[PDB]
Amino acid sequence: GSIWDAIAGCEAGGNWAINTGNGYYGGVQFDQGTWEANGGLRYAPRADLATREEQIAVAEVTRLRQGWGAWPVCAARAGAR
């Protein structure tokens, strides 16, 4: 496990391949602009097409640049806010 699993339970019901059409993708519900801005195209075209480990790698960069408050509720559910 990782802290990100609690975020992904909150954001995606633990399904890191979710792609529901709501403007967000994968286990931590990146939007496409954030996926691309934090290096995600190196792994896959969208977050939901990347593995959990790759999504977590991009999420780490995203959290460092933008803060846990980018997931204002689900990062709290994981104990990080």
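Each residue number is its position in the shown sequence, starting from 1.
- Task: Could you check the entry and say whether 6-14 or 59-67 has the higher mean CA B-factor?
- Result: For C-alpha atoms only, the mean B-factor is higher in 59-67.
- Once the chain's modelled residues are ordered by C-alpha B factor and cut into thirds, is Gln29 in the lowest, middle or highest one? It belongs to the lowest third of the chain when residues are ordered by C-alpha B-factor.
- Task: Would you mind ranking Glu54 by its C-alpha B-factor against the rest of the chain and naming the third, lowest, middle or highest?
- Result: Within its chain, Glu54 is a middle-third residue by C-alpha B-factor, going by the deposited values.
- Message: Split into thirds by Cα B-factor across the chain's modelled residues, where does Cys74 land: lowest, middle or highest?
- Response: According to the entry, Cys74 has a C-alpha B-factor in the chain's lowest third.
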